[PDB]
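Below is one structure, written out as structure tokens; comments come after it.
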Amino acid sequence: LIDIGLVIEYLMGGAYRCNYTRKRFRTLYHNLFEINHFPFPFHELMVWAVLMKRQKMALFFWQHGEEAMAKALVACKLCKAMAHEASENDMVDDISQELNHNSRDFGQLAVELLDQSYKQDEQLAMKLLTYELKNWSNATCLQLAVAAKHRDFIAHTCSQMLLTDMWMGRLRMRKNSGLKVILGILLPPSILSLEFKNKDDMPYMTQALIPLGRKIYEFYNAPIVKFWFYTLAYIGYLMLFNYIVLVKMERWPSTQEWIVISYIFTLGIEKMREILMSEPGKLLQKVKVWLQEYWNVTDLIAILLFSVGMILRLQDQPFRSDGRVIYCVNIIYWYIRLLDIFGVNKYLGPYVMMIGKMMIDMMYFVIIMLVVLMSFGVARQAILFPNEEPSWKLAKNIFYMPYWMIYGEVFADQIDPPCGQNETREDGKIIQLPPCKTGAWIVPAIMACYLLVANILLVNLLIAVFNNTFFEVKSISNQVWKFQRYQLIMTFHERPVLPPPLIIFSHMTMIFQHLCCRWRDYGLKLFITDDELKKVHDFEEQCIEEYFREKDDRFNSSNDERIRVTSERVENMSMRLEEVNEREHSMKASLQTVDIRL
Amino acid sequence: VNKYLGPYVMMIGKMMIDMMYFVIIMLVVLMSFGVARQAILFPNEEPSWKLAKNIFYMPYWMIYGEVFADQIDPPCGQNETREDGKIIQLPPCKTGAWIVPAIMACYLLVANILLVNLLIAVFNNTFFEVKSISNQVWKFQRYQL
Amino acid sequence: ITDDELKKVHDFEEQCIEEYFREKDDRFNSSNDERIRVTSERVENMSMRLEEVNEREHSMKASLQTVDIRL
Ligand SMILES: CC(C)CCC[C@@H](C)[C@H]1CC[C@H]2[C@@H]3CC=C4C[C@@H](OC(=O)CCC(=O)O)CC[C@]4(C)[C@H]3CC[C@]12C
Ligand SMILES: CC(C)CCC[C@@H](C)[C@H]1CC[C@H]2[C@@H]3CC=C4C[C@@H](OC(=O)CCC(=O)O)CC[C@]4(C)[C@H]3CC[C@]12C
Ligand SMILES: CC(C)CCC[C@@H](C)[C@H]1CC[C@H]2[C@@H]3CC=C4C[C@@H](OC(=O)CCC(=O)O)CC[C@]4(C)[C@H]3CC[C@]12C
Ligand SMILES: CC(C)CCC[C@@H](C)[C@H]1CC[C@H]2[C@@H]3CC=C4C[C@@H](OC(=O)CCC(=O)O)CC[C@]4(C)[C@H]3CC[C@]12C
Ligand SMILES: CC(C)CCC[C@@H](C)[C@H]1CC[C@H]2[C@@H]3CC=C4C[C@@H](OC(=O)CCC(=O)O)CC[C@]4(C)[C@H]3CC[C@]12C
Ligand SMILES: CC(C)CCC[C@@H](C)[C@H]1CC[C@H]2[C@@H]3CC=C4C[C@@H](OC(=O)CCC(=O)O)CC[C@]4(C)[C@H]3CC[C@]12C
Ligand SMILES: CC(C)CCC[C@@H](C)[C@H]1CC[C@H]2[C@@H]3CC=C4C[C@@H](OC(=O)CCC(=O)O)CC[C@]4(C)[C@H]3CC[C@]12C
Ligand SMILES: CC(C)CCC[C@@H](C)[C@H]1CC[C@H]2[C@@H]3CC=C4C[C@@H](OC(=O)CCC(=O)O)CC[C@]4(C)[C@H]3CC[C@]12C
Ligand SMILES: CC(C)CCC[C@@H](C)[C@H]1CC[C@H]2[C@@H]3CC=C4C[C@@H](OC(=O)CCC(=O)O)CC[C@]4(C)[C@H]3CC[C@]12C
Ligand SMILES: CC(C)CCC[C@@H](C)[C@H]1CC[C@H]2[C@@H]3CC=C4C[C@@H](OC(=O)CCC(=O)O)CC[C@]4(C)[C@H]3CC[C@]12C
């Protein structure tokens, strides 16, 4: 069973720790090979039925026992991991397909259970979503569903409102949001005029004058407040970057440039702290799991570019202008990175990932446009300029004018200039125009063909591929944004309170705390008591019974099942009525014989 | 009041929100290109409000078919004879001035080809619902009129 | 409106209400789903009643055989 524990730990991933591999179970195993009886036998039977690919037995063991949602999410993750392992080990592909179908079935079961729990009681459904699962490595149903990449579980309304409650921290608010927390951040005497939540209304915790200080601490640790502080600091830093790139700079940086440099350095230290405080042990694995996000890669590239440019800028000329140029490219990047902040709004975020989805069709359009553009450019340049030396200006003249021809600039003075003739100048003097190049009349004709093909065919076809793939991309992007709400909320909850330009104080605070702890659990669970645990378990059993037997009622009242039952009964009834007619004929013959006898 | 113009007008009012979200994204891209072009082509500048105007001036008209072809990449750092034939010395090349046409190409591509066509897509795929809602709301507001 | 017109309007409203309600009933009663459900319930009751009829027919056949054996 210890090896089964390792298998569960490997398949579950992350920081999961199976109960088999814990010291209590290993001590019991060494001392023995009702103490040997399992308190939740259906948990072990479910894990066994999932592991040995017995789907019907797993679906039966899911119905019986407590913690049904957690079991379904664990089974979904285990089936997905086993399917990935079977595909990686070059096994039979049918095994991988069946395991993925089992994962999808368990995910659908968890989603239907969430629907039933939402329909019954909202608050008990959140408590079901949030309470710590002591039998599942102290995890949370939301963590289990994120870890299984169950997009439909987090996109559900109950999980969305739970994430909204997690977003506001210990604040009631929930009415004209954003403006109240901005006014609280800018004006600290506006914090105490806010409606705060109860002490034990919904205490999501990670590890389990005074009211004024308590209100201040509860406001400043709320993830919406930390997000708005981060956003205001980023906007101020971007304005300072605009000021230091627009105005000229002297030999030494000004105050605003020093603030910008400090922001860059402090953001880089924060990203290094995010690298170090990750899930793996080996540093290369942490680096890889941090570079798996594209925004982290571009952040590292931009920070390195800013370092190079600032090093170049602190020297003398001509390196200062090169550093200024690198500063301009970096300000392009940070203006683009404003879309990270735009990712939080319910409409802008799906818009941004929708743009990211259409970039591939834009790429395929750029490929075809590049073929046509280079054909026209090479033809025009090689016709109008016969005697040319090898120079890189020819490649530039290939791309220069045909590219601006797409955006309404046809360069009408150079389409077909008058040549091979004598035309009087502005002063009336006779001016002899240079002789006509051979085949120069071909250039306007191929220009007409190029402009027609490009502007009329390819742009309208890109419009068509943007239009006919819009609905699917929009639905997928909305669902992926609703899924990534959890990642955004957890990132802003694990982040320090202070924004990046002042984050060095919080970094020194963590350094001093870490050194003090050395010299002497990433999530938000609930840690409910035992009566509440029983109440939640009873609510889960009620929801499971409700869902199963309502599914039975839906199956029994369908037209197809009714028609099938009626046809089978009519067939049996026809055979029985034939038997009845035969017995009636026999009885009539017997009655006729009895009447003849008497 | 007309049976066709009224629903058209409130349909325009419904598409204004998608136009707003387009103006937001266009504003981000436009300010990135404008700040980059102005801070590259003009290194020695005093604090003046003309810089903010030069951020927004030419990139905005770049969306509507005016690319300002005489200022995309002017010839500089060389000697070119004038109209009268006199030798005229052009001002020296600014550092990184070749970046401006490249980011201009990227900006024009992204804006004119991606964002305008995406706004076309969001106008097209939300047209039927907005049209039905607008017709029904116009028929409701007939009583108020 | 006047009082006779008010009565006429009220009677028209009662006619419309009756028409709508019992036409809704006719639509519900002539639907495929209600027809299928009624047929299945009648077929189930008919199967149980025919089983009872077969049992009583067996009893009657045994009684007739006994009466024929007696006479
Ligand atoms: C936290 C960051 C990301 C943005 C927050 C905004 C403010 C806290 C900063 C942004 C710009 C700063 C200003 C930038 C430039 C100056 C000029 C500066 O003038 C001098 O230092 C003149 C004397 C000298 O040359 O030493 C005085 C501070 C001040 C007003 C700064 C005060 C603090 C400001 C308003
Ligand atoms: C929180 C977010 C939404 C906005 C906060 C940012 C502003 C408070 C910052 C961003 C840029 C700053 C400006 C950047 C540069 C200057 C020039 C500076 O003037 C000088 O440095 C020259 C003379 C002097 O030294 O005072 C005076 C401050 C000012 C207007 C700053 C005032 C404060 C500003 C507007
Ligand atoms: C098919 C479409 C979607 C993309 C193809 C277009 C680009 C690959 C082209 C269009 C305009 C070109 C630019 C036009 C002008 C220049 C300036 C050139 O530098 C100089 O000419 C030096 C300064 C001078 O001599 O004036 C460097 C190449 C570059 C950036 C070109 C690089 C390639 C660009 C961006
Ligand atoms: C510099 C100027 C002259 C640009 C040249 C314009 C035309 C001579 C080119 C540009 C795009 C070309 C088209 C691009 C794609 C296709 C599809 C391809 O046809 C197929 O693969 C056959 C299947 C089918 O036709 O559906 C080749 C012909 C055609 C119409 C090409 C015909 C020639 C076109 C119109
Ligand atoms: C399928 C598509 C992508 C074809 C694209 C091909 C052209 C865009 C390339 C291919 C070979 C290139 C040429 C290869 C070599 C040279 C010599 C080069 O000459 C020098 O650098 C001067 C030599 C010196 O003095 O050092 C100028 C660019 C040029 C003409 C290149 C111009 C652009 C060319 C024609
Ligand atoms: C493949 C698609 C998706 C992206 C488009 C990539 C190419 C079309 C670009 C990328 C890099 C570009 C090159 C980058 C630099 C130069 C040098 C440039 O040289 C000069 O301008 C010399 C200066 C002068 O004499 O004016 C000429 C264009 C060229 C070859 C560019 C031509 C177009 C290139 C190959
Ligand atoms: C992202 C898109 C959808 C909107 C962003 C574009 C506008 C915010 C920009 C584009 C052109 C700009 C205008 C261009 C020129 C001027 C003239 C300027 O006044 C002067 O220059 C004074 C007179 C003179 O000196 O000639 C005042 C700002 C204003 C109206 C600018 C205000 C901001 C405008 C409207
Ligand atoms: C001044 C010039 C250089 C303008 C800059 C043009 C590009 C460098 C920018 C403009 C718009 C940007 C895009 C805007 C939106 C997105 C979606 C966003 O991606 C996601 O949110 C991931 C989800 C997904 O890709 O669907 C960030 C990348 C991307 C493609 C951006 C990549 C960089 C782009 C193409
Ligand atoms: C996230 C986006 C919205 C960032 C946008 C930032 C820029 C568009 C702003 C922010 C700070 C602004 C600067 C703040 C202060 C000044 C000083 C100001 O100088 C004067 O008015 C002269 C002083 C005098 O003589 O009275 C000229 C505008 C300028 C450069 C501003 C230009 C426009 C800037 C760079
Ligand atoms: C947010 C979206 C939905 C709407 C777009 C709003 C901004 C892009 C606009 C609104 C007001 C505009 C400002 C109004 C007035 C001016 C003063 C103007 O100053 C001059 O032109 C100085 C005169 C000169 O020296 O030429 C420079 C542009 C600027 C900052 C404008 C820049 C663009 C702004 C911030």
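Residue numbers (this note's numbering), protein chains in the order written: chain A, 619 to 1216; chain B, 495 to 639; chain C, 236 to 306. Think of the CB as a built atom: it goes at the ideal place given N, C-alpha and C, for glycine as much as any other residue.
Annotation: the region 1016-1079 of chain A contains the following complete segments of the beta strand (DSSP E) (minimum length 3 residues), in chain order: 1040-1042 and 1048-1050. Bounds of the alpha helix (DSSP H) holding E706 (chain A) are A686 to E706. For a Cβ distance threshold of 8 Å, residue set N619 of chain B lies close to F1089 (chain A), ordered along the chain. For the region 946-966 of chain A, residues whose beta-carbon sits nearer than 8 Å to a beta-carbon of chain B comprise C946, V947, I949, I950, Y953, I954, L956, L957, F960, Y965 and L966. Taking 8 Å as the threshold, the shortest C-beta distance from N1096 (chain A) to chain B does not fall below it. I877 (chain A) has its CB nearer than 7 Å to a heavy atom of ligand 1.
Annotated three-state conformation of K964 (chain A) is coil, per DSSP.
Counting every other CB atom within 10 Å of its CB across the protein chains shown gives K745 (chain A) a total of 16 or more, marking it as buried. For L864 (chain A), the nearest CB of chain B lies under 8 Å from its own CB, placing it at the interface with that chain.
Taking 7 Å as the upper bound on Cβ-Cβ separation, chain B lies near residues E1027 and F1029 of the region 1027-1058 of chain A. Within the same chain, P595 come within 6 Å of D567 (chain B) by CB-CB distance, once the 5 residues on both sides are set aside. Taking a Cβ-Cβ threshold of 7 Å, the residues of chain A close to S526 (chain B) are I950, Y953 and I954, in chain order.
Any Cβ of chain B closer than 8 Å to the Cβ of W754 (chain A) would place that residue at the interface, and such an atom is absent. Within chain A, the residues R1187 and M1191 have their CB atoms less than 9 Å from the CB of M281 (chain C), given in chain order. Chain A places a beta carbon closer than 8 Å to that of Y515 (chain B), counting this residue as a contact. Rounded to the nearest whole angstrom, the CA to CA distance from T639 (chain A) to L624 (chain A) is 7 Å. If you look at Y634 (chain A), you'll find it isn't in any alpha helix (DSSP H); DSSP assigns it neither H nor E. With a cutoff of 8 Å on beta-carbon distance, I877 (chain A) and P1119 (chain A) are scored as near each other.
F814 (chain A) sits in a strand when the DSSP states are folded into three classes. Relative to the Cα of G632 (chain A), the nearest Cα in the group A:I1146, A:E684 and A:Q761 belongs to A:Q761. Within the DSSP secondary-structure output, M744 (chain A) pairs in no beta bridge. Below 8 Å, too few C-beta pairs join the region 753-767 of chain A and the region 1192-1207 of chain A to call them touching: fewer than three. For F1003 (chain A), there is no enclosing alpha helix (DSSP H), as DSSP gives it neither H nor E. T1211 (chain A) has a beta carbon lying within less than 8 Å of a beta carbon in chain C.
Contact check for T884 (chain A) against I1121 (chain A) passes: the beta carbons are separated by less than 8 Å.
At least 8 Å separates the CB of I626 (chain A) from every CB of chain C. Around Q532 (chain B), the beta-carbon contacts reaching into chain A at under 7 Å are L864. Exclusion of the five residues before and after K975 (chain A) leaves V1091 and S1095 as the residues of its chain whose Cβ lies within less than 7 Å of its Cβ. Looking at the DSSP output, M823 (chain A) sits in a beta bridge with A:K1143. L731 (chain A) is positioned such that its CB atom lies closer than 8 Å to that of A686 (chain A).
The residue among A:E1112, A:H1203 and A:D979 with its C-alpha nearest the C-alpha of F845 (chain A) is A:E1112. In terms of CA proximity to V970 (chain A), A:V1098 leads the group A:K1055, A:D940, A:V1098 and A:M1023. Interface with chain C (8 Å Cβ-Cβ cutoff): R1172 (chain A) is excluded. For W1137 (chain A), the enclosing alpha helix (DSSP H) has its first and last residue at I1121 to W1137. The C-beta of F837 (chain A) has 16 or more other C-beta atoms within 10 Å across all chains shown, which makes the residue buried. Between the alpha carbons of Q734 (chain A) and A773 (chain A) lies a distance of about 15 Å.
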